[PDB]
file input-v9.txt (compact mmCIF, C-alpha atoms)
# COMPACT_ATOMS: atom_id res chain seq x y z
CA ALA A 924 43.07 -148.28 -9.25
CA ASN A 925 46.10 -145.97 -9.18
CA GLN A 926 44.99 -144.11 -12.32
CA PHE A 927 41.44 -143.37 -11.14
CA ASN A 928 42.43 -142.20 -7.65
CA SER A 929 45.22 -139.99 -8.99
CA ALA A 930 42.87 -138.30 -11.47
CA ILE A 931 40.43 -137.33 -8.70
CA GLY A 932 43.26 -135.82 -6.66
CA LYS A 933 44.16 -133.52 -9.55
CA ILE A 934 40.68 -131.96 -9.36
CA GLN A 935 41.34 -130.56 -5.88
CA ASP A 936 44.58 -128.96 -7.07
CA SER A 937 42.97 -127.63 -10.27
CA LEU A 938 40.09 -125.82 -8.56
CA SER A 939 42.28 -124.43 -5.76
CA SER A 940 45.08 -123.05 -7.95
CA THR A 941 43.00 -122.10 -11.01
CA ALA A 942 39.84 -120.16 -10.15
CA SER A 943 39.00 -119.32 -13.78
CA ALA A 944 37.54 -122.79 -14.45
CA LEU A 945 34.39 -121.76 -12.55
CA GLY A 946 34.16 -118.39 -14.33
CA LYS A 947 31.23 -119.71 -16.36
CA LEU A 948 29.06 -119.57 -13.23
CA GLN A 949 30.64 -116.28 -12.14
CA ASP A 950 29.38 -114.50 -15.27
CA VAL A 951 25.79 -115.46 -14.41
CA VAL A 952 26.11 -113.60 -11.11
CA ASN A 953 28.05 -110.72 -12.72
CA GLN A 954 25.51 -110.18 -15.51
CA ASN A 955 22.73 -110.17 -12.90
CA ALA A 956 24.60 -107.88 -10.49
CA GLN A 957 25.59 -105.36 -13.18
CA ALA A 958 22.03 -105.32 -14.52
CA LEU A 959 20.53 -104.53 -11.11
CA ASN A 960 23.20 -101.99 -10.15
CA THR A 961 22.91 -100.10 -13.44
CA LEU A 962 19.11 -100.15 -13.22
CA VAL A 963 19.33 -98.32 -9.88
CA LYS A 964 21.79 -95.68 -11.14
CA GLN A 965 19.18 -94.30 -13.56
CA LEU A 966 17.04 -93.03 -10.66
CA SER A 967 19.56 -90.22 -10.03
CA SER A 968 19.50 -89.05 -13.66
CA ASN A 969 17.23 -86.13 -14.49
CA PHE A 970 16.14 -87.59 -17.87
CA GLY A 971 15.85 -84.05 -19.22
CA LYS B 537 10.05 -97.24 14.13
CA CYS B 538 9.46 -96.57 10.44
CA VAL B 539 8.51 -92.91 9.87
CA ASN B 540 9.72 -89.84 7.99
CA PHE B 541 13.36 -88.91 8.69
CA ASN B 542 14.33 -85.32 7.89
CA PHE B 543 17.61 -84.02 9.31
CA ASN B 544 18.29 -80.50 8.08
CA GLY B 545 19.29 -81.52 4.55
CA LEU B 546 16.64 -83.82 3.10
CA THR B 547 13.32 -85.57 3.67
CA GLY B 548 13.33 -89.36 3.77
CA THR B 549 11.81 -92.47 5.32
CA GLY B 550 13.45 -95.39 7.09
CA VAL B 551 14.31 -96.96 10.43
CA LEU B 552 17.08 -95.69 12.71
CA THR B 553 19.53 -98.37 13.86
CA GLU B 554 22.69 -97.67 15.84
CA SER B 555 25.72 -98.97 13.94
CA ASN B 556 29.52 -98.69 14.00
CA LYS B 557 29.70 -96.33 11.01
CA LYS B 558 31.56 -93.07 11.70
CA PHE B 559 31.53 -89.69 9.95
CA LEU B 560 34.00 -86.83 9.81
CA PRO B 561 33.42 -83.99 12.31
CA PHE B 562 32.30 -81.69 9.47
CA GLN B 563 30.54 -84.51 7.59
CA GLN B 564 26.74 -84.71 7.52
CA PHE B 565 25.49 -87.77 5.60
CA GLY B 566 26.78 -90.58 3.41
CA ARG B 567 25.49 -92.92 0.74
CA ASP B 568 25.71 -96.60 -0.18
CA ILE B 569 26.75 -98.24 -3.45
CA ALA B 570 23.25 -97.51 -4.82
CA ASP B 571 23.73 -93.72 -4.57
CA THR B 572 21.21 -93.49 -1.73
CA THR B 573 21.80 -92.07 1.74
CA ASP B 574 21.94 -94.84 4.36
CA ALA B 575 22.80 -92.64 7.36
CA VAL B 576 22.61 -89.03 8.54
CA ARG B 577 24.39 -87.52 11.53
CA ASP B 578 22.21 -85.88 14.18
CA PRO B 579 22.22 -82.09 13.59
CA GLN B 580 21.90 -81.46 17.34
CA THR B 581 23.84 -84.14 19.24
CA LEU B 582 26.75 -86.22 17.93
CA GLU B 583 25.71 -89.69 16.78
CA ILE B 584 25.60 -91.80 13.62

call {"tool": "encode", "arguments": {"input": "input-v9.txt", "output": "structure tokens"}}
result
Amino acid sequence: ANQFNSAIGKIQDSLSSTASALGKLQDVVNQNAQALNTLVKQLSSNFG
Amino acid sequence: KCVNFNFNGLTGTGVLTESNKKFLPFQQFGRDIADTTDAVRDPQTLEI
């Protein structure tokens, strides 16, 4: 009972202090944001 | 209303909405992160 409850409490301190554990889901948004932003930037190019 | 907006520098289309954005006294227009002009100062009166 003391081991299970103490392990759950460490999750709150791990996600608050360390934000890189969720970086797997952050790359999904970054790859989608960089793909849309770069796709827009080609409209200003003259393309010859 | 959505119609053609041409102020002295360019021809475009959009809807005018009063916002809190401010421009320099000698500044005409400005662009967003997409390299597209989101606002143009009135060539006659002073407004953004």

call {"tool": "closest_atom_pairs", "arguments": {"input": "input-v9.txt", "of": "chain B", "to": "chain A", "cutoff": "10 Å", "atoms": "all atoms listed in the file", "output": "JSON lines"}}
result
{"residue": "B:569", "atom": "CA", "partner": "A:960", "partner_atom": "CA", "distance": 8.5}
{"residue": "B:570", "atom": "CA", "partner": "A:963", "partner_atom": "CA", "distance": 6.5}
{"residue": "B:571", "atom": "CA", "partner": "A:964", "partner_atom": "CA", "distance": 7.1}
{"residue": "B:572", "atom": "CA", "partner": "A:967", "partner_atom": "CA", "distance": 9.1}

call {"tool": "atom_distance", "arguments": {"input": "input-v9.txt", "atom1": "CA of residue 549 (chain B)", "atom2": "CA of residue 958 (chain A)"}}
result
25.8 Å

call {"tool": "closest_residue", "arguments": {"input": "input-v9.txt", "among": "B:578, B:543, B:537, B:584", "to": "residue 555 (chain B)", "atoms": "only C-alpha atoms"}}
result
B:584

call {"tool": "residues_around", "arguments": {"input": "input-v9.txt", "residues": "residue 574 (chain B)", "least_positions_apart": "6", "cutoff": "10 Å", "atoms": "only C-alpha atoms", "output": "compact mmCIF listing (two decimals) with C-alpha atoms, in the frame of the given file"}}
result
# COMPACT_ATOMS: atom_id res chain seq x y z
CA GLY B 550 13.45 -95.39 7.09
CA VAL B 551 14.31 -96.96 10.43
CA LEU B 552 17.08 -95.69 12.71
CA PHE B 565 25.49 -87.77 5.60
CA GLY B 566 26.78 -90.58 3.41
CA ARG B 567 25.49 -92.92 0.74
CA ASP B 568 25.71 -96.60 -0.18

call {"tool": "atom_distance", "arguments": {"input": "input-v9.txt", "atom1": "CA of residue 579 (chain B)", "atom2": "CA of residue 544 (chain B)"}}
result
7.0 Å

call {"tool": "atom_distance", "arguments": {"input": "input-v9.txt", "atom1": "CA of residue 955 (chain A)", "atom2": "CA of residue 553 (chain B)"}}
result
29.4 Å

call {"tool": "build_atoms", "arguments": {"input": "input-v9.txt", "residues": "region 947-963 of chain A", "atoms": "N, CA, C and O atoms", "output": "PDB file, keeping the file's coordinate frame"}}
result
ATOM      1  N   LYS A 947      32.489-119.602 -15.635  1.00  0.00           N
ATOM      2  CA  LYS A 947      31.230-119.710 -16.360  1.00  0.00           C
ATOM      3  C   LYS A 947      30.044-119.413 -15.444  1.00  0.00           C
ATOM      4  O   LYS A 947      29.077-118.763 -15.858  1.00  0.00           O
ATOM      5  N   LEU A 948      30.103-119.882 -14.195  1.00  0.00           N
ATOM      6  CA  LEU A 948      29.060-119.570 -13.230  1.00  0.00           C
ATOM      7  C   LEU A 948      29.222-118.189 -12.617  1.00  0.00           C
ATOM      8  O   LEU A 948      28.247-117.638 -12.096  1.00  0.00           O
ATOM      9  N   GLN A 949      30.428-117.620 -12.667  1.00  0.00           N
ATOM     10  CA  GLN A 949      30.640-116.280 -12.140  1.00  0.00           C
ATOM     11  C   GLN A 949      30.024-115.214 -13.041  1.00  0.00           C
ATOM     12  O   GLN A 949      29.581-114.171 -12.547  1.00  0.00           O
ATOM     13  N   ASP A 950      29.979-115.461 -14.353  1.00  0.00           N
ATOM     14  CA  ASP A 950      29.380-114.500 -15.270  1.00  0.00           C
ATOM     15  C   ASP A 950      27.869-114.401 -15.068  1.00  0.00           C
ATOM     16  O   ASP A 950      27.286-113.332 -15.283  1.00  0.00           O
ATOM     17  N   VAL A 951      27.225-115.497 -14.663  1.00  0.00           N
ATOM     18  CA  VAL A 951      25.790-115.460 -14.410  1.00  0.00           C
ATOM     19  C   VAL A 951      25.474-114.511 -13.261  1.00  0.00           C
ATOM     20  O   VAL A 951      24.496-113.754 -13.310  1.00  0.00           O
ATOM     21  N   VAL A 952      26.302-114.527 -12.217  1.00  0.00           N
ATOM     22  CA  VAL A 952      26.110-113.600 -11.110  1.00  0.00           C
ATOM     23  C   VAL A 952      26.527-112.184 -11.510  1.00  0.00           C
ATOM     24  O   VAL A 952      25.888-111.208 -11.103  1.00  0.00           O
ATOM     25  N   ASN A 953      27.583-112.050 -12.318  1.00  0.00           N
ATOM     26  CA  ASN A 953      28.050-110.720 -12.720  1.00  0.00           C
ATOM     27  C   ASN A 953      27.048-110.038 -13.638  1.00  0.00           C
ATOM     28  O   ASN A 953      26.776-108.841 -13.485  1.00  0.00           O
ATOM     29  N   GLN A 954      26.492-110.773 -14.605  1.00  0.00           N
ATOM     30  CA  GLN A 954      25.510-110.180 -15.510  1.00  0.00           C
ATOM     31  C   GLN A 954      24.245-109.779 -14.754  1.00  0.00           C
ATOM     32  O   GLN A 954      23.584-108.798 -15.116  1.00  0.00           O
ATOM     33  N   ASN A 955      23.894-110.523 -13.705  1.00  0.00           N
ATOM     34  CA  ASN A 955      22.730-110.170 -12.900  1.00  0.00           C
ATOM     35  C   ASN A 955      23.031-109.021 -11.942  1.00  0.00           C
ATOM     36  O   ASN A 955      22.151-108.193 -11.681  1.00  0.00           O
ATOM     37  N   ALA A 956      24.254-108.955 -11.413  1.00  0.00           N
ATOM     38  CA  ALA A 956      24.600-107.880 -10.490  1.00  0.00           C
ATOM     39  C   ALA A 956      24.779-106.555 -11.227  1.00  0.00           C
ATOM     40  O   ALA A 956      24.365-105.502 -10.730  1.00  0.00           O
ATOM     41  N   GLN A 957      25.393-106.588 -12.413  1.00  0.00           N
ATOM     42  CA  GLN A 957      25.590-105.360 -13.180  1.00  0.00           C
ATOM     43  C   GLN A 957      24.266-104.843 -13.733  1.00  0.00           C
ATOM     44  O   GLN A 957      24.096-103.634 -13.925  1.00  0.00           O
ATOM     45  N   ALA A 958      23.318-105.744 -14.000  1.00  0.00           N
ATOM     46  CA  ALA A 958      22.030-105.320 -14.520  1.00  0.00           C
ATOM     47  C   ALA A 958      21.183-104.654 -13.441  1.00  0.00           C
ATOM     48  O   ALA A 958      20.436-103.709 -13.720  1.00  0.00           O
ATOM     49  N   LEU A 959      21.288-105.134 -12.200  1.00  0.00           N
ATOM     50  CA  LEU A 959      20.530-104.530 -11.110  1.00  0.00           C
ATOM     51  C   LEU A 959      21.176-103.231 -10.643  1.00  0.00           C
ATOM     52  O   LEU A 959      20.478-102.259 -10.329  1.00  0.00           O
ATOM     53  N   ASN A 960      22.509-103.194 -10.596  1.00  0.00           N
ATOM     54  CA  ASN A 960      23.200-101.990 -10.150  1.00  0.00           C
ATOM     55  C   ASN A 960      23.016-100.845 -11.139  1.00  0.00           C
ATOM     56  O   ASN A 960      22.809 -99.693 -10.740  1.00  0.00           O
ATOM     57  N   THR A 961      23.091-101.144 -12.438  1.00  0.00           N
ATOM     58  CA  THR A 961      22.910-100.100 -13.440  1.00  0.00           C
ATOM     59  C   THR A 961      21.469 -99.621 -13.484  1.00  0.00           C
ATOM     60  O   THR A 961      21.206 -98.434 -13.713  1.00  0.00           O
ATOM     61  N   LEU A 962      20.515-100.528 -13.252  1.00  0.00           N
ATOM     62  CA  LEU A 962      19.110-100.150 -13.220  1.00  0.00           C
ATOM     63  C   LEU A 962      18.803 -99.168 -12.097  1.00  0.00           C
ATOM     64  O   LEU A 962      17.901 -98.335 -12.239  1.00  0.00           O
ATOM     65  N   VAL A 963      19.539 -99.243 -10.989  1.00  0.00           N
ATOM     66  CA  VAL A 963      19.330 -98.320  -9.880  1.00  0.00           C
ATOM     67  C   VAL A 963      19.931 -96.953 -10.187  1.00  0.00           C
ATOM     68  O   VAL A 963      19.360 -95.918  -9.828  1.00  0.00           O
TER      69      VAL A 963
END
